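Protein chains get the first letters and strands the later ones, always in sequence-line order, with residue 1 at the start of each. Both backbone and side-chain heavy atoms feed into the values below; hydrogens, waters and symmetry mates do not.
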Amino acid sequence: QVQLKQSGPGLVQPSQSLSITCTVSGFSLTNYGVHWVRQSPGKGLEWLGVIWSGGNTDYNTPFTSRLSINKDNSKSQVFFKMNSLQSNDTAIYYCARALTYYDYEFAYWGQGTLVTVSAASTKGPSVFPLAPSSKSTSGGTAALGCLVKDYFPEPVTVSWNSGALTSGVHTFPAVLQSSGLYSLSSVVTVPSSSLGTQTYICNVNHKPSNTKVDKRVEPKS
Amino acid sequence: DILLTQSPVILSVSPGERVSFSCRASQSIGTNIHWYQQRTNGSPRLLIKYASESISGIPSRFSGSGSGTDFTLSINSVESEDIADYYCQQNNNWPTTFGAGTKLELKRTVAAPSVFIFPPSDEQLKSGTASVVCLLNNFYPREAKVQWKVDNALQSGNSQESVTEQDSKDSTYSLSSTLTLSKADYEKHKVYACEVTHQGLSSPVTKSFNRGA
């Protein structure tokens, strides 16, 4: 199975450098080129460059001077490094592989790396419970959740019961508060009679600050 | 560079219908066009290559056509799970470029939100601020209105909301609204209410709680 796995999301300061690693498996870098493509918030895709099987590289015109792609065939690792980043460069960066060695139909993609370019600093979230109660049982169904507040930069990962609870989960787009920090909610609806025998845990992970918190959410009254 | 123009910007359709996305190239590019699907928080997924060639693992309902400058991605009998952004890419001329995409939306019958209100936790109160949250679950259409009232005073400017993408299975939306107050203002009032209005409700639905009770 062909796969590309990228390094974690993170904050980069204006004028500084961006570096991402794409580790591939299921194929050899000596036989396929690996391309890089980015996607700006609520925008389209923009091809940035590629390092071919033999090691040659091609960069899209706008990046010719501030981008360099290298690799370690033995480690199956591809290195992306771009210089002098501006706000404008905030985006999700993907590495990808085409169907054939010399082509550009991208059949395989990494999971993307969200890079935020801001002068601010990284901050981990606070996780608070969104607890049901007598006044939270909609026809035997209750809603509960976690409020992941005051973190930066994006993103944050939220799962429930270590991934075993997916049905009825809704994790909302984060909002930027006037404080310049994000806040996100994730909820799930469950039978109100299960609030006694089943435990509900939101698992949140804010990789930029290496913060992991498992929060149990129970009604208060 | 070759500019690809995709239309319409938003394509709204009902399940079972045949749908078609347009991608027009700024110059002739032969059949050098590839199409991708991109679901919420997902990476692009290759659907068709070279205008019409199929890719392994892609549902038969997807097909592509076109030659020259006008290309079409087609979905015969669209399904609720097809909700996503769709993009075309040309590679007849370096550098390869992509369209700005067309977002596919699925129509469905009106459905009223189920509403829940959540008081701030004591843990957060210790921090000096109180977040009060209102959830509007699984409704359609997307348009909905949340009004926050504290001891009956309408709140304005201290709330923020976000809405999920259409659910891949039932085509509904959910909305989360957060009212933010300082601990001082929160402790000065009693009745906290979230009132929502929506096409699917005959009259507004309000959920509330009394601080402390």
Side-chain angles (χ1 to χ4, degrees), chain A residues 4 35 37 39 43-49 58-61 92 94 96 98-99 103-112 126-133 135-139 141-145 147 149-150 155 168 170-178 183-187 189 220-221, chain B residues 1 4 6 32 34 36 38 40-46 48-50 53 55-56 85 87 89 91 94-101 114-125 127 129 131 133 135 137-138 160-165 167 173-178 180 207-210 213:
Chain A
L4 292 76
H35 305 241
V37 170
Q39 177 165 45
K43 295 268 299 177
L45 300 156
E46 170 177 47
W47 179 82
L48 302 176
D58 284 313
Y59 304 128
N60 198 348
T61 307
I92 292 187
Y94 295 98
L99 216 38
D103 221 326
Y104 300 68
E105 338 95 295
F106 307 122
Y108 303 99
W109 301 66
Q111 0 74 77
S126 292
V127 183
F128 301 124
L130 291 174
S133 46
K135 54 288 180 61
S136 183
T137 299
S138 181
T141 69
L144 51 77
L147 177 55
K149 191 169 192 302
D150 298 340
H170 287 302
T171 293
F172 293 89
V175 295
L176 184 58
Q177 306 168 97
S178 63
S183 183
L184 168 156
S185 66
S186 171
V187 299
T189 47
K220 190 182 182 184
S221 271
Chain B
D1 298 12
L4 296 179
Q6 287 182 257
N32 222 117
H34 313 311
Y36 304 80
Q38 183 179 43
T40 311
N41 301 303
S43 300
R45 176 194 181 193
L46 178 65
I48 280 81
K49 68 191 185 190
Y50 286 105
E53 322 193 320
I55 283 64
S56 276
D85 282 308
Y87 302 105
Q89 159 200 17
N91 191 38
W94 193 91
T96 183
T97 47
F98 297 79
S114 292
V115 192
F116 307 80
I117 191 172
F118 298 110
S121 61
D122 290 331
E123 188 190 340
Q124 177 188 37
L125 290 181
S127 87
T129 113
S131 295
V133 179
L135 163 68
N137 212 44
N138 307 343
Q160 288 184 289
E161 64 183 26
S162 69
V163 183
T164 52
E165 214 57 28
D167 180 89
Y173 295 99
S174 292
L175 179 153
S176 183
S177 177
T178 303
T180 304
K207 296 302 187 185
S208 65
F209 66 87
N210 300 322

Residue B/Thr97 versus chain A: region with a heavy atom under 4.5 Å: neither
A/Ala131 versus chain B, heavy atoms under 4.5 Å apart: side chain, backbone, both or neither? backbone
Can you tell me which portion of A/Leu147 sits under 4.5 Å from chain B's heavy atoms? Options are side chain, backbone, both or neither. side chain
Where does A/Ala142 contact chain B at under 4.5 Å (heavy atoms): side chain, backbone, both or neither? backbone
Apply the test side-chain contact (heavy atoms from CB on, under 4.5 Å) to residues B/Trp94 and A/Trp47: give CA-CA distance (whole Å), side-chain angles for both, the deciding distance (0.1 Å), then the verdict. CA-CA 10 Å; B/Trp94 193 91; A/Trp47 179 82; 3.7 Å; yes
Does any heavy atom of chain B fall under 4.5 Å from the side chain of A/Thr189, the backbone, both, or neither of them? side chain
If I measure from the heavy atoms of chain A, does B/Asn41 come under 4.5 Å with its side chain, its backbone, both, or neither? neither
Less than 4.5 Å to any heavy atom of chain B: does that hold for the side chain of A/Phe106, its backbone, both, or neither? both
Considering only heavy atoms and a distance below 4.5 Å, find which of A/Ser221, A/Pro132, A/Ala143, A/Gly168 pairs most often with chain B. A/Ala143
Interchain contact, A/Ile92 with chain B, by part (heavy-atom threshold 4.5 Å): neither
Decide, yes or no, whether a salt bridge links A/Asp103 with B/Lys49 under the criterion of side-chain N to carboxylate O below 4.0 Å. no
Identify which of B/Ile55, B/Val163, B/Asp167, B/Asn32 forms the greatest number of heavy-atom pairs closer than 4.5 Å to chain A. B/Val163
Between B/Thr178 and A/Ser185, does the side-chain contact (heavy atoms from CB on, under 4.5 Å) criterion hold? Intermediate values first, please. CA-CA 9 Å; B/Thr178 303; A/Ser185 66; 5.8 Å; no
Identify which of A/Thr137, A/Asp58, A/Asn60 forms the greatest number of heavy-atom pairs closer than 4.5 Å to chain B. A/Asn60
Checked B/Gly42, B/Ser121, B/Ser43 vs chain A; the most non-hydrogen pairs under 4.5 Å come from B/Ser43
Proximity breakdown for A/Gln177 and chain B, heavy-atom pairs closer than 4.5 Å: both
Heavy-atom proximity to chain A below 4.5 Å, by part of B/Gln38: side chain
Under 3.5 Å, is there a donor-acceptor pair linking the side chains of B/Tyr50 and A/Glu105? no
Please give me the minimum heavy-atom distance between B/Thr164 and A/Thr171, naming the atom from each residue. CG2-O, 4.0 Å
Does a donor on one side chain sit under 3.5 Å from an acceptor on the other, for A/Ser126 and B/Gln124? no
Looking at CD of B/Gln160 and OG of A/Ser178, how far apart are the two atoms once the value is rounded to the nearest 0.5 Å? 7.0 Å
Do the side-chain N and O atoms of B/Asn138 and A/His170 include a donor-acceptor pair separated by under 3.5 angstrom? yes
Which atoms of B/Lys207 are under 4.5 Å from chain A, going by heavy atoms: the side chain, the backbone, both sets, or neither? neither
If you count heavy-atom pairs within less than 4.5 Å of chain B, which of A/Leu130, A/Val187, A/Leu144, A/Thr141 leads? A/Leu130
Between OG1 on residue B/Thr96 and CG on residue B/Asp1, distance to nearest 0.5 Å: 10.0 Å
Examine whether an atom of A/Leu176 lies under 4.5 Å from a heavy atom of chain B, and if so say whether it belongs to the side chain, the backbone or both; otherwise answer neither. backbone
Applying a strict 4.5 Å limit to non-hydrogen atoms, the region of B/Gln89 in contact with chain A is side chain
Polar side-chain atom of B/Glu161 near backbone of B/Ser177 as donor-acceptor pair, under 3.5 Å: no
Do B/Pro44 and A/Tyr94 come within less than 4.5 Å of each other through their side chains, counting heavy atoms only? yes
